[PDB]
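Alright, two takes on the same chain below, each alone as structure tokens: structure 1 and structure 2.
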Structure 1
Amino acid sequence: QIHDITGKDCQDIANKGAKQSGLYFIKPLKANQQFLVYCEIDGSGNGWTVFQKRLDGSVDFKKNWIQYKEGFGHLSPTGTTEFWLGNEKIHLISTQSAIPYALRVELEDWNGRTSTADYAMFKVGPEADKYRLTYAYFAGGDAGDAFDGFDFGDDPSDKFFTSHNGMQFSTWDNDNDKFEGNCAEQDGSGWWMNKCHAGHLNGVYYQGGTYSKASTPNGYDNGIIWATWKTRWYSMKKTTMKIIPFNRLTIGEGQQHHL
């Protein structure tokens, strides 16, 4: 069930010798708190600290501010359960030191195809700044950069309206988006909402992927979307949000060799 190796994060645990993905306790620097996390450890010696997972629609994501702060769902040795680690814990890990983390969003469609999108220098701010999302730049990935916003065509300024960098977190009971209405209440989730969204992984789990305006009384595009990879009417089958020290991603042809 729970492994004995501990560290500041899952990469620290992998560096110590851990070989199996599973449950481990981590103690982020300066927090004086220890908590369980699911580490995804591969053959390359990479250790990903997973903070979000969707795969079967078993966990209700319409939770309030406090629940999104503390975490909900379940952690399993097999990594086959849905959960949200908790905004407070995500903040503690991503800001524990001066070493930057990279966020990898892993997506899987209903046909078994998967894609990724990486963001460098990912951080989640303190509760005082409503767990604001900030990143330096999109680092690559075939899923596309939905966090930069997307032009759905229903407005020239769609891109500026759907960007996520710099947005505070919102829950139905703590609206911090840039919409006159309540993005979180309308979709029924917690997320870094703007004048809503281009990438939204905490949405409603729609079986089969395809859904439409007809699916909900008011016609909201509230599924698990990533506009740069699939249409807004296509909800993902699985999603994973996981972090790793950024230096782990610049280990290959991500460098200039000189002479």
Structure 2
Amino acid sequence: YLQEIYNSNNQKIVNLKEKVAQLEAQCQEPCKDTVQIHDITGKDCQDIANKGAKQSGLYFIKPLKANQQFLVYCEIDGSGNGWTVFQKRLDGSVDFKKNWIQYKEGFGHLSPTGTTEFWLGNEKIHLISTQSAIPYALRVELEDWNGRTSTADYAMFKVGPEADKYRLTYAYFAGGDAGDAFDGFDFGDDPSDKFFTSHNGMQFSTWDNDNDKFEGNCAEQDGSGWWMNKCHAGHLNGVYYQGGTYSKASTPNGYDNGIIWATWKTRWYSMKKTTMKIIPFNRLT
């Protein structure tokens, strides 16, 4: 009627302004980020497990040599071993055709679920592997397109300083069903084959920084960053080919440039998943 409906909605207002306030309170916190970094730190992933870490995830570390901490992905098993993963492949998400700097500082993404591709920097790998007298072991996990997996361990795995172009060194092949590709492969014909495809003692190479034992540029030709020697027998930072199998037709320069491990599969077969990780030798046996 007269002054009725006016005060009707008018009385409704004050209470509404109250609902708003209550609403305002509900909208102050940002979206929850599923990614989380644990509180524990250490010389490496193993060191962390020793401190009671019971889950594979992201952690910060600072090798005795490092003067700045950095994030890494630690794979922790039930036995209590802390693996420090420095390389991982799953899908063709990341382009491993990166330059020297990128390979030095690293590229890709770190995930607590370990479901992401990356290359921790070479400089980081260096600082870790050589941070102390304690020898490290490098394990290489490979998985084909049929779910089958294999491994390969290398004792006294060490990566040299940038001054020595992050040379890959290791005392010996500690064993594994995947076979020792780091020792070269006898690809038939020419006898120099196995010799010229071995990786021990090789320096790292990128398209913009040729350090291979090839008059040409293995890295530019295969589009990757790896320890090349008149190319390779083991090539984990290679081109991700869907399905695994591929022909030289598929390839650009006409050479095998996929993720290969000659001792486990033909060079015309590229892996589905890949993992390079290290742990102090002592944990093994």
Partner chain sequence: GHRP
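Here, a residue number simply tells you its place in the sequence of structure 1, counted from 1. Shifts are known only where both forms have a C-alpha. Only the largest set of C-alpha atoms that superpose within 1.5 Å between the two forms is called the rigid core.
Only structure 2 comes from the form solved in complex with the partner chain. In the rigid-core superposition between structures 1 and 2, residue position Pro77 carries a C-alpha shift of 0.6 Å.
In this core superposition, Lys213 moves its Cα by 1.1 Å between structures 1 and 2. Structural comparison between structures 1 and 2 after rigid-core fitting shows the C-alpha of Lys30 displaced 2.9 Å. Identified as moving between structures 1 and 2 on the superposed core is the stretch 216-218 alone, made of at least three consecutive residues whose Cα atoms shift by 2 Å or more.
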